[PDB]
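Just one chain follows, in the form deposited without the ligand, and it is written as structure tokens.
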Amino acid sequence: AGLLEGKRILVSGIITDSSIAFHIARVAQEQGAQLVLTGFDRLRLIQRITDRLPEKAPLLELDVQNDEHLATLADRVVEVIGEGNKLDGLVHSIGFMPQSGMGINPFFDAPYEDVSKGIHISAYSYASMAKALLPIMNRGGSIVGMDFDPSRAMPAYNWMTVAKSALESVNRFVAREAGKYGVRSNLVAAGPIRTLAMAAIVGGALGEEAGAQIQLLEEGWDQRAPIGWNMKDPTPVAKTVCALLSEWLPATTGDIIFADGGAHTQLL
């Protein structure tokens, strides 16, 4: 019997097998959970990736910018988990910022049209997925979103930092709504993880001043972290998400749990 034995958990954000959500899903399945996965735009390709998980899982279409997708999401989840059954967990691992909003592009040069798209997908969608799925979540359930500590500004991350600040605020309000259902809402602030998306930004900064800053920024995490930080090892972050999905943190909500090696508690 695993940490999440029999728990029904919806997991968003699986883009490649380097996605944090891929490893969250893997660990959750290793711990006995029954998953429902979401994706958009690349469904056949996503299924080829999710086939590499230890267990099978239904894959549902969800464009969080599509009101009709959100309006039918709960009904479509019930179709695959069965009449009279509800979700015990919801994992929000979708974060996106157009290219103008990150990397080597100057902070002032991101048009609001791009920033708005990023905040829609990265922050507002945490509330709209909770709105859609709380009516079919079980008392004692858990909503977990992925965060990257935006309390201090930093090179390159730029408007994605702003979107994470917005997400942290949204999480505190989602917690107020989720509490009416006996459901917790929390974020996991992870250290840097080498996803293909982040690698594309870092790679596109090679030889530029932003890339020098990014290198110093990344190297600082492992240095600051009293237990170190491995950007190529997403498993400690996935385990932390599963901790919040379990009932072992039953009095924590509206909150932020740091899975960052302790880096954010140290100046050097």
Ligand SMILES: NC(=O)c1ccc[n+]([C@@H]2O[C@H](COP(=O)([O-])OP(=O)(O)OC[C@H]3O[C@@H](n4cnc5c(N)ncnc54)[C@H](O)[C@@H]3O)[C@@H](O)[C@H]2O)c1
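We call the rigid core whatever largest set of C-alpha positions still superposes within 1.5 Å between the two forms. A residue's number is simply how far along the shown sequence it sits, counting from 1.
As for the form solved in complex with the ligand, it is not shown, yet the points below apply to it.
- For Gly95, a non-hydrogen atom is located within 4.5 Å of the ligand in the entry with it bound, even though that partner is not displayed.
- In the entry with it bound, the ligand sits within 4.5 Å of a heavy atom belonging to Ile15.
- Among residues of the shown chain, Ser246 is not one whose heavy atoms approach the ligand to within 4.5 Å in the entry with it bound.
- Taking non-hydrogen atoms only, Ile121 approaches the ligand to within 4.5 angstroms in the entry with it bound.
- Residue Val64 is the only one of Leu60, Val64, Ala57, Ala210 with a heavy atom lying within 4.5 Å of the ligand in the entry with it bound.
- The stretch in contact with the ligand in the entry with it bound, judged by heavy atoms within 4.5 Å, is 187 to 195, chosen from 187 to 195, 169 to 177, 80 to 88, 130 to 138.
- Highlighted residues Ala110, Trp159 and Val202: none comes within 4.5 Å of the ligand in the entry with it bound, counting any heavy atom.
- Residue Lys164 is the sole member of 161 to 184 found to place a heavy atom within 4.5 Å of the ligand in the entry with it bound.
- Once you line up the core between this form and the one not shown, the CA of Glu208 is the only one from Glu219, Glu68, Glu208, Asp51 that shifts by 2 Å or more.
- In the entry with it bound, the Cα-Cα separation between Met154 and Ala205 grows by 3 Å or more relative to the displayed conformation.
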